[PDB]
Amino acid sequence: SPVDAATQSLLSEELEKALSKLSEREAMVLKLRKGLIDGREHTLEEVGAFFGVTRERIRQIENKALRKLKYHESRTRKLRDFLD
Amino acid sequence: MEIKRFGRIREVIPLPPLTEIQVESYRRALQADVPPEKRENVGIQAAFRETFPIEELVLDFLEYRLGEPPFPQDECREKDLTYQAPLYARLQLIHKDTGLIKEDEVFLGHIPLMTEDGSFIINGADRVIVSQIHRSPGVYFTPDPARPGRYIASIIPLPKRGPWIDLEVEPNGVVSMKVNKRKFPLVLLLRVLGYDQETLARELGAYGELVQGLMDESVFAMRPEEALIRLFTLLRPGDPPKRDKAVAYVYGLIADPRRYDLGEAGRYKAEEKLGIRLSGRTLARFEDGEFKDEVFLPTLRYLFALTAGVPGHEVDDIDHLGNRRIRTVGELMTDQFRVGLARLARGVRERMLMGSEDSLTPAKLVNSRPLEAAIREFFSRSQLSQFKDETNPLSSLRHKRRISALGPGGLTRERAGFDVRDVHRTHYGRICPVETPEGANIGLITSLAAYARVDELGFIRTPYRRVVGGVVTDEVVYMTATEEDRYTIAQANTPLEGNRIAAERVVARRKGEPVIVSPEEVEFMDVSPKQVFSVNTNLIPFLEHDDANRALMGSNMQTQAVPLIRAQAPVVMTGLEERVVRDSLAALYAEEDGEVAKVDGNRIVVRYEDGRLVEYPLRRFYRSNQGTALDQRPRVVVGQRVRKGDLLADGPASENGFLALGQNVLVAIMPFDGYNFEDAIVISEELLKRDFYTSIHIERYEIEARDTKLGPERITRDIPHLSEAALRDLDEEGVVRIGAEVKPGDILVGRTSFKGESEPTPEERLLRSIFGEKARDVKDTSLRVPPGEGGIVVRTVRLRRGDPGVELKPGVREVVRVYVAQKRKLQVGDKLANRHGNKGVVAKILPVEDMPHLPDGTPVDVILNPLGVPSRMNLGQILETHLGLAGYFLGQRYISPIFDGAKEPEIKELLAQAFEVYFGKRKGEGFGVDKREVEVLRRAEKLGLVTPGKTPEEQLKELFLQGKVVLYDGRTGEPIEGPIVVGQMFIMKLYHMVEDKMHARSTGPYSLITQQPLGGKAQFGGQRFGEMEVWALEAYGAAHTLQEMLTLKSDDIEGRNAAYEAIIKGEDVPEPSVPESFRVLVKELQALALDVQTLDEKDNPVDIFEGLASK
Amino acid sequence: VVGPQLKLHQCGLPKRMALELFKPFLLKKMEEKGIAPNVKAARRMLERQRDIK
Amino acid sequence: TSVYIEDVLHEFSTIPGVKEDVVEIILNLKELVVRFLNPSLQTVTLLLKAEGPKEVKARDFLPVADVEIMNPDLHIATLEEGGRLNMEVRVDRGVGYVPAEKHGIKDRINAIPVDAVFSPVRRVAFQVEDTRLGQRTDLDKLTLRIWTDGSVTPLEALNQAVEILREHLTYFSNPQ
DNA sequence: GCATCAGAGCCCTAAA
DNA sequence: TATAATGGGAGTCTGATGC
RNA sequence: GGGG
């Protein structure tokens, strides 16, 4: 519906406008983990490749990505309403 | 208060039972209370006798019985069940090849039962079967429009029980027969009957050129057998004319008392018209191996003598109510029963030619599915089976007495013309000339007249009193229209002294034609004026003063009156308002004499003389089909002495046993600052304060929890992402608590459903990961209050699977129903009406201080604009107000019968007595005439209203006798410059209320194929901007408004999505793209193998699918 | 319903109708002043009739 | 302004032993005229408990200090052998006509809001008659007839009306 | 001539 | 997969235009 | 089947 189309556009727009205000790069490691229009969810194996670091570390900047996201979120609490 | 009744007409008989057209018809059809051996061959019985015995083995019908209903009526309505009885039939199997006899009683399913008041319960909802008018079977003769001197004889049987026959006499001189649109010379059929040239010459011949023209030599050159084979080839091009095959076809079409049924009414009309006597209901017989004629020769005989001009031969008026008959509930149902029975017979014969010709009983041989389906089909989907109108008791009473000319065996709108819709002279006393729909259906749907009854043959009869010499007896004769035309019938109001006609000249009718006649010539006399009009029309006082077109609206709108909590009977009644409540069965009465033992809100217990203690439970706040509240209230007190037939409880819209469709309000007839404009109505806030025009309404909400391939829906209080504030009024299980105010958006029943492979998107997965909360297994599918609805929760019903007594449709675990009530105060946009067709919507509610008021301080209730009266020509409302003024001060209500009523002098007498109370009080209280009363009197004497040179009291009294009073404007205090009509009027709050009708949509549901908004308020629909609306925008040259209508506001998907996004961002809406329904058109034309190409100016194709449809 | 007090260019429009018809416009304005933090929250407030201030 | 009847969740209920339905009961409570003797008292709550074959009238309300029931003869409910009635009625002072939907007053969860006609004035008429000071003619003799329910008296009403009208004319003081 | 075909006002409600 | 079995059942009125 |  018009509302739904609008919402999906708005969610994607705040999602990228949120990964770059910490850093584009630790947001780049994390962005690779879920995938915006990819659905790039596996686990420990494949992650061997191009993040920039080796392999256990990304499972940490993932926590640090999610943690830095979490603090910054309480201020820009605009994503709360997308929880329906 | 006093009830003063006018009128001198002594009505010799009371109104018949008003629902008898329903009750008597169905009782006759079922004969459940008759011991089988004593049943007459009619209804269900006649159907069985017609279908059986079933030939090859012979299956014969013994008798049927009807069981008791598995569930009572209340239970059926609750559980969405049909109220019905089990039908069984005792059948004996006989082997014609042997001697074997096996007998068993087989279960044929259920048959729906009619309740006491003449309605049905079909799947839990109350229904009415509307009677159907149609052409009576028989033999008719009409003039041939083509040849101004020749005639056509038409033999018409019962619907679906045979072909229509036409006997035109062709230009060549030979008498032709038309059957199933095929024509041939009738002489051939005559030869098949065993006729010889001698019989036709000797029988007829008297007509020089006509009888010889039927004789054709080639046809005579063959015995009756050759003529039968010869005719069959003329009818079935391609079927070999085998002698047994030809006989079978002609027998079934003409002589078979199974495939061809003239009516029982058909038999009487045929015997009577042609002066013959019929051995049965068929046009011919198969007897002693050949065919023997019954009808054809007498019909041919009558036609030739008419073509000539022989005395005793007339054309038939096909709209005459002697030639038009009613098919009542019983007959309609029995036709479908006979059809369902015949289908079952196909099954019997097919099963008797398979699986061992011996090892079969009647129980295995019979499949009742065809019978059950025919009956279930009639009650659910027939056009004559309608959802009951039970807005008020009169609604349903009127519904049951309606007469339709449409439906399965009748006209269509696309197919009905003036002759049928007309008011025939024979409608007099039988069908109401007033009560018919406005619009396309005018004249097709009508209402049974008050004193009319349908006889056993189906013709409507009306009562008349015999007049012998000049003395009027009390013996009443019910006449059909055909029989009425014989006599000279005097009007019901013709003067009488005792039983003698007291006038030298009386007003009478002969064949409907009005004629002045001497008392020596008077054969009969009308019973009453009430007999000419319907029940609704008879409820209109002073009807003789109302133009019929407005009286029509008056009738129909009483049907729409909403039951009010303070409902009152009108101060001016017609005397029918008691009978309507009693026959409606809404009100409760005492069976025998007795004493009232107990009185409760819920029940009344009566101790009779018999000693038995009878408990009458009361229906309390039950929701009718239209959501108006049917609620009964106790009218007696503990220990009250009652006689037989005394009132115990009031039903809805009844006050002490009198029909109460509205309230009696004090009305002023005068313009008021344009709030009165074009039928709008101004009302006083005092009406809401004292709860006038307040009505209770109940809405039903329902929700199912079903098994899905994704897992069970559950009705639960646990709903994802909702605050406890939102769930506050829900019980442990997720249902809203009884006695809560629910408003739009509120949860009624909580429900969860399992998420599709839509299993939350990776965008949503990452969002959910941020808040520590995992996306839940279930989504919130809860039932909520729609926009504009809500009220107090008065009841909840929960039905699960696995609870005693309940099993739902497959897959459905549980069903919850929530009943929500609302008290509706009158508001702006609600519609009011009186009984004379004055109707208007409430446009303004003024505070009591702005309302015009009498000098003594009494403010008026309603202000009606006088501009509604003169073009409409309904003056009865005016007389109603005047007599209503008298009654306000005299403390009385009146019964003024229609056409024998209160007349002007009589109303003036009452008005004078009222002025003394309105004024003499003042002179005694130590107050004299007002200054402003003098000013108005000055202006009134300039109007010729009062006599110049009289005291103010005398002049005010002169005005009061004209029903006009001095009126003060509550705003100024200054008088209205002229005397104004003020009095008591009966006004109803109709079922059309803004609360129900106000609707708006920004965006909402779209249609599957067209991607255009759905329609209707209940779907949250958009308005239709149709062809004519587009034309308006075109004529304005509003190109961008129109384009918005065609794209962004409808099916342009990219456009509607993009426009919404722009508005919430504060940008202007984007230029539209292609409407999706144009793409549908393109693809639909391709499915028809047509290549549709959008081209640019260079004639190169433009791809409006943006690459998606090309490989 | 008749509105005698109206000027020729005017009509009476129920406020509840107007809230739906102009709903997208109303959401943007509810953000611009501040009745709600953003557009999505504003819509949630109009859904329940008692949440309407 | 509000009614709580024991074992009653909403207005569309009905009480065993009572003849009148709750809708009618509240309709009868709307006719109750209750006078406050103490001018500082803005709200009270009347109690009623009745049983047996009695016709409850307005007298049967349990008496409260500084509150007088001006119409103790008003019928409330007809009770029959075994009929039990227990209620708490909240009565308020206010102005004009405030409908039940407007105030929504509930002392407890099951309370039923009631339509309030606050105005004590039942009817107002005024006569204007001719008079003279014997020197001059067409002078006016004004007679104001004032009917009230008794909570306030026709004279007190007239003074409040005049006081309102005077107070209104003050507003013309400060221009712009 | 006679048959065959395609026409026959708009918006809205509720029931299925 | 093997007695033999062999042909079906069912229902208005307009005006314009091509045989 | 109701409404304009």
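The numbers here are math on the coordinates, done by the rules we state, and not lab data. Reconstructed Cβ throughout: ideal geometry from the backbone, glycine too, with neighbour counts over all protein chains shown.
Here are a few things to note about the model shown:
- Filter pass, D:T14 being more than 12 Å from chain B (Cβ to nearest Cβ) and hydroxyl-bearing (S, T, Y): no
- Screening B:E849 against (1) within 14 Å of chain D (Cβ to nearest Cβ); (2) more than 30 Å from B:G926 (Cα to Cα); (3) outside any loop (DSSP other than H, G, I, E, B) leaves a single unmet condition, (2).
Here is a yes/no grid of residues against (1) within 14 Å of chain B (Cβ to nearest Cβ); (2) in a helix (DSSP H, G or I); (3) closer than 15 Å to B:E764 by Cβ:
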position	(1), (2), (3)
A:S12	yes, yes, yes
A:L15	yes, yes, yes
A:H42	yes, no, no
A:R55	no, no, no
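- 3 or more residues under 51 Å from the mean Cα position of the chain (by Cα) and farther than 19 Å from B:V169 by Cβ: qualifying helices (runs of 4 or more DSSP H) within region B:194-242: B:224-233
- Tallying residues that are in a loop (DSSP other than H, G, I, E, B) and aromatic (F, W, Y) within region B:1055-1111 yields 1.
- When residues in region B:122-144 are screened for being within 16 Å of DNA strand E (Cβ to nearest atom), of a type in the set (V, I, T) and closer than 18 Å to B:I21 by Cα, 3 of them pass.
- Qualifying residue in region B:937-951 (condition: among the hydrophobic types (A, V, I, L, M, F, W, C) and either surrounded by fewer than 17 Cβ atoms within 10 Å (Cβ to Cβ) or within 14 Å of chain D (Cβ to nearest Cβ) (or both)): yes
- Note on region B:1011-1044: residues that are more than 14 Å from chain C (Cβ to nearest Cβ) and within 14 Å of DNA strand E (Cβ to nearest atom) amount to 16.
- Failed criterion for B:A450 (all others in (1) away from DNA strand E (no atom under 16 Å from the Cβ); (2) assigned to a helix (DSSP H, G or I); (3) of a type in the set (A, V, I, L, M) hold): (2)
- Odd one out for B:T412 among (1) within 16 Å of DNA strand E (Cβ to nearest atom); (2) surrounded by 14 or more Cβ atoms within 10 Å (Cβ to Cβ); (3) hydroxyl-bearing (S, T, Y): (2)
- Close pairs from region B:853-872: first under 14 Å from B:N676 (Cα atoms), partner small (G, A, S), Cβ under 8 Å, at least 6 apart: B:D861/B:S684; B:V862/B:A668; B:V862/B:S684; B:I863/B:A668; B:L864/B:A668; B:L864/B:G840; B:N865/B:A680; B:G868/B:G840
- Residue ID - nearest to B:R402 (Cα to Cα), chosen from residues in region B:420-438 that are surrounded by fewer than 16 Cβ atoms within 10 Å (Cβ to Cβ) and within 16 Å of DNA strand E (Cβ to nearest atom): B:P437
- Residue within region B:398-406 that is within 16 Å of DNA strand F (Cβ to nearest atom), more than 14 Å from every other protein chain (Cβ to nearest Cβ) and not hydroxyl-bearing (S, T, Y) present: yes
- Residue satisfying condition, being small (G, A, S), surrounded by fewer than 15 Cβ atoms within 10 Å (Cβ to Cβ) and assigned to a helix (DSSP H, G or I), within set B:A363, B:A345: B:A363
- Just one of the listed residues (B:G263, B:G208) is surrounded by fewer than 18 Cβ atoms within 10 Å (Cβ to Cβ) and of a type in the set (G, A, S), namely B:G208.
- Within region B:22-42, the set of residues being surrounded by 15 or more Cβ atoms within 10 Å (Cβ to Cβ) and either of a type in the set (D, E) or over 30 Å from B:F61 (Cα atoms) (or both) comprises B:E24 only.
Residue-by-condition table, conditions (1) surrounded by fewer than 16 Cβ atoms within 10 Å (Cβ to Cβ); (2) polar (S, T, N, Q); (3) more than 28 Å from B:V793 (Cα to Cα):
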position: D:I5; (1), (2), (3): no, no, no
position: D:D21; (1), (2), (3): no, no, no
position: D:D60; (1), (2), (3): no, no, yes
position: D:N71; (1), (2), (3): yes, yes, yes
position: D:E88; (1), (2), (3): no, no, no
position: D:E101; (1), (2), (3): yes, no, no
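- Going through (1) within 14 Å of the chain's Cα centre (by Cα); (2) surrounded by 15 or more Cβ atoms within 10 Å (Cβ to Cβ); (3) of a type outside the set (K, R); (4) within 9 Å of chain B (Cβ to nearest Cβ) one by one, C:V2 falls short only on (1).
- Filter pass, B:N441 being in contact with a helix residue (DSSP H, G or I) (Cβ under 9 Å, 6 or more places away or on another chain), over 18 Å from B:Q132 (Cα atoms) and either within 16 Å of DNA strand E (Cβ to nearest atom) or not in a helix (DSSP H, G or I) (or both): no
- Consider region B:370-382 and keep the residues that are more than 16 Å from DNA strand F (Cβ to nearest atom) and surrounded by fewer than 20 Cβ atoms within 10 Å (Cβ to Cβ). The one that is farthest from the other protein chains (Cβ to nearest Cβ) is B:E372.
- Taken over region B:697-726, the criterion of being surrounded by 14 or more Cβ atoms within 10 Å (Cβ to Cβ), basic (K, R) and within 39 Å of the chain's Cα centre (by Cα) is satisfied by B:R706 alone.
- Any strands (runs of 3 or more DSSP E) falling wholly within region B:114-165 and containing at least 1 residues that are away from RNA strand G (no atom under 16 Å from the Cβ): B:120-122, B:131-135, B:138-143, B:151-156
- Pairs, first away from chain D (no Cβ under 14 Å) and closer than 14 Å to B:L630 by Cα in region B:550-574, second more than 16 Å from DNA strand E (Cβ to nearest atom) and of a type in the set (K, R), C-beta under 6 Å, six or more apart: B:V562/B:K989
- Scan region B:727-746 for residues that are crowded, with 19+ Cβ neighbours inside 10 Å and either within 18 Å of C:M45 (Cβ to Cβ) or of a type in the set (V, I, T) (or both) and the total you get is 5.
- Region B:598-617 residues that are under 18 Å from D:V22 (Cα atoms), paired with ones that are among the aromatic types (F, W, Y) and crowded, with 16+ Cβ neighbours inside 10 Å (beta carbon under 7 Å, 6 or more apart): B:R603/B:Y616; B:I604/B:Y616
- Whichever residue in region B:832-843 is buried (at least 21 other Cβ atoms within 10 Å of the Cβ) and within 11 Å of another protein chain (Cβ to nearest Cβ) and, among such residues, is nearest to B:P541 (Cα to Cα): B:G840
- Odd one out for B:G970, checked against (1) away from DNA strand E (no atom under 13 Å from the Cβ); (2) of a type in the set (G, A, S); (3) within 41 Å of the chain's Cα centre (by Cα): (3)
- Residues located in region B:786-830, provided they are out of contact with any helix residue (DSSP H, G or I) (no Cβ under 9 Å at 6 or more places or on another chain) and within 14 Å of another protein chain (Cβ to nearest Cβ): B:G791, B:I792, B:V793, B:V794, B:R795, B:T796, B:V818, B:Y819, B:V820, B:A821
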